[PDB]
Amino acid sequence: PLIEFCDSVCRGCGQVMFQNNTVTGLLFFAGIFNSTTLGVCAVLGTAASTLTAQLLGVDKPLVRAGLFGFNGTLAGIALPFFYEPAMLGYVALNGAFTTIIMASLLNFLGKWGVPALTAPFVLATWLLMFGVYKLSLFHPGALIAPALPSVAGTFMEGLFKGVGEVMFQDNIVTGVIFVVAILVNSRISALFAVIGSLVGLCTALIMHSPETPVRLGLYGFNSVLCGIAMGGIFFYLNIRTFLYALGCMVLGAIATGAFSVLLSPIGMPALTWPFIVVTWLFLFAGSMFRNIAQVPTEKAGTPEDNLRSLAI
Amino acid sequence: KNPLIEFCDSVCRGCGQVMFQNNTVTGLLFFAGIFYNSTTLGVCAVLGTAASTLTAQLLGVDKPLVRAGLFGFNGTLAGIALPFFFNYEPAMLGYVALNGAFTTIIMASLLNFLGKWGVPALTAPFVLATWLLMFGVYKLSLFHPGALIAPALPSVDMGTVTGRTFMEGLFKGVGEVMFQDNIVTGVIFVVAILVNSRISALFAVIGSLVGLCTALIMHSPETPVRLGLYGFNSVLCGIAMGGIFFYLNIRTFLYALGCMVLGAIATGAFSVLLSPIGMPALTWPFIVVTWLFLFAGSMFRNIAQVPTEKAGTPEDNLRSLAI
Amino acid sequence: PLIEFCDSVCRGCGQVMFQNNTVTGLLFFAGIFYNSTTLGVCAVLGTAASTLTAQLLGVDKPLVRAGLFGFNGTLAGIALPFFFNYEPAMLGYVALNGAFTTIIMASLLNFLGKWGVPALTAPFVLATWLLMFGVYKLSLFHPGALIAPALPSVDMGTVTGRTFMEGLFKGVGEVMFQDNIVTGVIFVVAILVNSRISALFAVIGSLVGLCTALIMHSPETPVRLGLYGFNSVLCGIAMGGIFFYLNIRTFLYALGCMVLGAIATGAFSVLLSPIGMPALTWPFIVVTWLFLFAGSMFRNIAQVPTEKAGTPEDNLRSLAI
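Spelled out as structure tokens, the structure:
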């Protein structure tokens with residue numbers, strides 16, 4: 010059981026980039042392990059999420075696939091980033109909430125075979141983070157600030183930072199390591215995750231953004247998930263599939279921004295929100311697309327496996 | 008019986024269904040509790056409930072549903088809350104009716120909707136209606152709103172905790188579930204819940220209480236706490252996920268507790284979300300965290316979801332299961 | 010193919026009022042062309058993009074040729090130019106908007122499909138929404154004075174004959190973001206071609222929206238501006254024999270919905286007021302889908318089978334048996 014919870018926890022981390030591999034997940038943790047605190051709160055979150063599915067009795071295939079620890083980690087991290097004694101507890105409370113969300117979303121999105129996506133991480137964190145201004149147990153970082161919207165008056179730092187900011191990780195190194203981590207399980211996923219941040223970076227420049235946040239990588243977080251997800255994983259990789267991904271990827275950044283305003287008066291983070299909308303938006307469309315070949319979700323595997331299975 | 012007596016028998020049932028209790032008596036017992044605070048509010052209630060009821064019958068709902076009172080619950084909270092959170096006018100009544108009726112189409116809309124996975128509608132009909140019916144105020148000056156509403160961007168005194176903060180809050184939580192800021196009714200409404208079922212009355216209690224303490228822990232201004240506001244939703248969570256929608260157990264308990272705890276956080280989060288628009292949160296929080304837990308249940312082996320279409324009192328749900 | 014893309018484009022425009030007819034659609038374009046060649050272009054651009062896209066992703070030809078894949082394609086071509094200061098990148102973004110609409114519609118199709126609910130203008134919005142929200146942080150475009158961040162807060170102007178006439182037509186036009194009284198007329202006529210019923214219901218739409226606004230006590234500026242007739246017009250046209258077998262009970266439902274349209278219009282205005290963006294078609298699509306999802310549970314109410322739903326007349330002729 011201990012080794013399984015381990016093997017699960019390791020898998021959930023990789024699933025962050027849709028990669029179901031204990032190794033990639035470990036390789037990912039090693040990358041992020044910028045802050046021992048963050049790593050702890052991560053393992054806490056992942057552990058809670060994992061341990062929870064097992065207590066409510068999920069299909070072992072799902073837990074052991076790590077599908078029940080992914081959003082478990084991002085709740086462990088981001089409640090600390092955006095620290096008190098009650099920080100840990102709330103992390104646990106966040107991760108666990110994620111689990112009910114995922115189920116809730118599972119059955120939900122299931123009946124058309126749409127994935128849950130990071131949506132569990134957010135809608136949780138969202139709720140668990142919104143009530144701060146009225147629940148003074150915690151006190152928030154300078155990264156949060158109520159304000160009505162108002163108009164405003176690099177490639178290397180941003181590239182890596184995009185991949186890291188996917189984990190709220192503002193480190194160039196980990197970004198590299200996380201990219202390498204993605205390589206292990208699959209070269210394809212590591213590449214698509216790259217084009218992700220890059221397609222997000224340039225798309226941001228074009229739309230004319232303050233070259234601060236760009237290098238900060240923020241406009242590469244979601245893009246990186248879009249590239250990794252719609253990259254051979256959820257759809258049989260092709261040329262038309264590529265342009266779709268590019269398409270989505272491009273879309274990712276616009277939505278990132280739009281989402282920043284939407285929550286600007288409430289001044290909270292956008293979080294993974296953008297990737298999960300534009301994503302689910304494209305997915306729900308795929309089946310109607312003849313030219314587009316959706317990968318059967320329940321069977322969807324690595325871009326390579328999804329290409330090897332399809333071959334015959 | 009008769010149509011008049013049926014509309015009566017229905018109206019009485021819808022009120023109890025507020026706490027998921029399908030009983031003409033509990034519902035009456037509930038009205039009696041709230042009547043204490045405002046004949047006006049009682050009227051606007053009966054108006055709302057009546058409209059909601061009468062509407063389902065005109066669109067032809069399955070009699071089982073109307074007579075189960077399932078078509079009057081959200082009908083009442085629209086009759087009440089358009090009067091409270093707004094300055095009574097002559098058009099107040101009409102709009103109440105307009106609110107209740109809207110609730111009905113919402114419930115249907117949500118019924119077919121949430122139905123195909125067997126999720127309940129929950130108070131969601133009351134809100135999304137009232138929401139729409141209340142949002143456009145600043146631009147539809149027919150009505151003029153109470154001081155309880157105020158546009159403002161979010162921003163981070169403490170007051171003092173005490174015995175009174177626990178007693179006033181405990182009862183006020185149950186009442187604030189009906190937007191009722193009275194300690195007495197809270198008691199009466201608790202008793203009302205006892206009639207139909209001791210279990211539901213107890214869970215509704217743990218509801219407000221789990222909501223009260225959870226609020227203190229998260230560090231809230233000890234004003235609103237005693238005000239009970241952070242007990243409204245919690246009370247519904249305790250009552251709903253308490254043997255009603257899931258076969259009551261120990262694991263089921265901790266789930267409820269879990270949900271209940273979650274209720275308050277969401278209550279707060281929701282307060283912000285609507286703070287710039289400065290409108291009330293209303294039942295909104297319970298209905299989200301709730302539907303969030305429900306949709307999860309089936310995936311949970313250890314968790315035994317009560318078949319919605321069959322879901323009855325925690326006792327009946329335990330007596331039926333016994334076999 | 011060129012003539013089909015034409016025949017499709019023409020159809021998508023009529024579908025705006027649920028009318029599947031190349032003629033009505035043309036008649037509609039002619040109406041609106043009157044106000045701005047630019048807007049007409051951005052429209053055709055949008056519609057063209059939306060159409061061309063479904064074909065490249067391979068949609069069922071029945072749907073494209075029914076024009077159901079160009080409707081929301083037009084409103085994205087128009088509104089990115091209106092509620093924003095035209096730039097060179099205006100066109101591109103239009104195209105980017107229309108195309109986005111298509112994935113939205115699919116996304117929503119499969120989505121709302123499994124209960125047979127329509128997509129409605131929801132594709133136009135959720136796109137435009139996203140494509141318009143990030144402006145304050147994506148300074149490529151610069152927005153019109155019609156946009157302004159502000160927390161909500163409670168002059169009256171004066172009601173009059175002109176307030177009813179300017180508003181009546183403006184409601185139908187404002188359904189296309191068209192602030193012209195003429196086109197409103199023409200668009201009404203356009204609706205007549207395909208069907209008298211749809212043209213009438215679209216009328217009752219704006220009118221039910223107009224009065225319902227007065228009653229709720231609104232600043233008699235926006236009313237004549239017609240704004241509170243846009244959504245109402247869609248509600249009347251949609252729930253008018255098209256999506257439900259037209260009757261008496263069906264009428265009161267429509268009226269019902271129609272009345273609801275305006276309240277929601279306003280509420281939606283607040284919801285987006287701090288973010289100070291437009292409400293757009295948003296209101297019609299919520300109160301609408303709210304009523305539709307209810308219909309089946311209504312015995313007295315006879316929902317028209319969506320996949321079969323046609324003109325109020327055809328929906329009455331088919332039913333006759």
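Protein chains in written order, with the authors' numbering: chain C, 10 to 42, 44 to 92, 95 to 165, 176 to 334; chain B, 8 to 163, 168 to 334; chain A, 10 to 163, 168 to 334.
Note that CB positions come from ideal geometry on N, CA and C, so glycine has one too.
Using the C-alpha atoms, what's the distance from residue j back to residue i?
i: C/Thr278; j: C/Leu293; result: 9 Å
i: B/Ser245; j: B/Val299; result: 12 Å
i: B/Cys248; j: C/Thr196; result: 42 Å
i: C/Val283; j: A/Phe306; result: 31 Å
i: B/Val216; j: B/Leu181; result: 8 Å
i: C/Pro325; j: C/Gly218; result: 15 Å
i: B/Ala280; j: A/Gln64; result: 44 Å
i: A/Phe78; j: A/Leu61; result: 9 Å
i: C/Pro235; j: B/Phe150; result: 45 Å
i: B/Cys22; j: B/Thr33; result: 8 Å
i: B/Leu72; j: B/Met99; result: 28 Å
i: B/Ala322; j: B/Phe256; result: 6 Å
i: A/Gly55; j: A/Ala104; result: 6 Å
i: B/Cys224; j: C/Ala159; result: 31 Å
i: C/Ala115; j: B/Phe304; result: 8 Å
i: B/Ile261; j: B/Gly269; result: 12 Å
i: B/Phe92; j: B/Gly82; result: 16 Å
i: C/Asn106; j: C/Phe133; result: 8 Å
Please confirm whether residue i has its beta-carbon closer than 8 Å to some beta-carbon of chain B.
i: A/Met310; result: yes
i: C/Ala159; result: yes
i: C/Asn119; result: yes
i: A/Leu273; result: yes
For residue i, list the residues DSSP reports as bridge partners.
i: A/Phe257; result: A/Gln316
i: B/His151; result: B/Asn94
Under three-state DSSP, which class holds residue i?
i: C/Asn81; result: helix
i: A/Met271; result: helix
i: A/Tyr102; result: helix
i: B/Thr324; result: coil
i: C/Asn29; result: coil
i: B/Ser45; result: coil
i: A/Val50; result: helix
i: B/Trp124; result: coil
i: A/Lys146; result: helix
i: C/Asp69; result: coil
i: B/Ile113; result: helix
i: A/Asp16; result: helix
Quick one: is residue i near chain C, going by C-beta distance under 8 Å?
i: A/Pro232; result: no
i: A/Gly289; result: yes
i: B/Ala85; result: no
i: B/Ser116; result: no
Compare the C-beta of residue i against all C-beta atoms of chain A and say whether one is closer than 8 Å.
i: B/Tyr95; result: no
i: B/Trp138; result: yes
i: C/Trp124; result: yes
i: C/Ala277; result: yes
i: C/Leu181; result: no
i: B/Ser162; result: no
i: B/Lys146; result: yes
i: B/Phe281; result: no
i: B/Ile112; result: yes
Can residue i be considered in contact with the ligand GDP, in the sense that its beta carbon sits closer than 7 Å to one or more heavy atoms?
i: C/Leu105; result: In terms of ligand content, the structure shown is empty, and the ligand GDP therefore cannot be addressed.
Practice task
Quick one: which residues of the region 243-265 of chain A get their C-beta closer than 9 Å to a C-beta of chain B? List them in chain order.
Solution key: Cβ contacts with chain B come from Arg262.
Practice task
Check distances from the C-beta atoms of the region 202-230 of chain A to those of chain B and list, in chain order, the residues that come in under 9 Å.
Solution key: Listed by position, the residues of the region 202-230 of chain A near chain B (Cβ gap below 9 Å) are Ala226, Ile228, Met229, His230.
Exercise for the section: Could you run through the region 292-318 of chain A and flag, in chain order, every residue whose CB is less than 8 Å away from some CB of chain B? Expected result: Of all residues in the region 292-318 of chain A, those with a C-beta nearer than 8 Å to a C-beta of chain B are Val299, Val300, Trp302, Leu303, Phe304, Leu305, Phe306, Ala307, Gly308, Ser309, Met310, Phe311, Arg312, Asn313, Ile314, reading in chain order.
Exercise for the section: Can you give me, in chain order, the residues of the region 44-70 of chain A that have a beta carbon less than 9 Å from any beta carbon in chain C? Expected result: Closer than 9 Å at the C-beta level to chain C, one finds these residues of the region 44-70 of chain A: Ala63, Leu65, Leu66, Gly67, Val68, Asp69.
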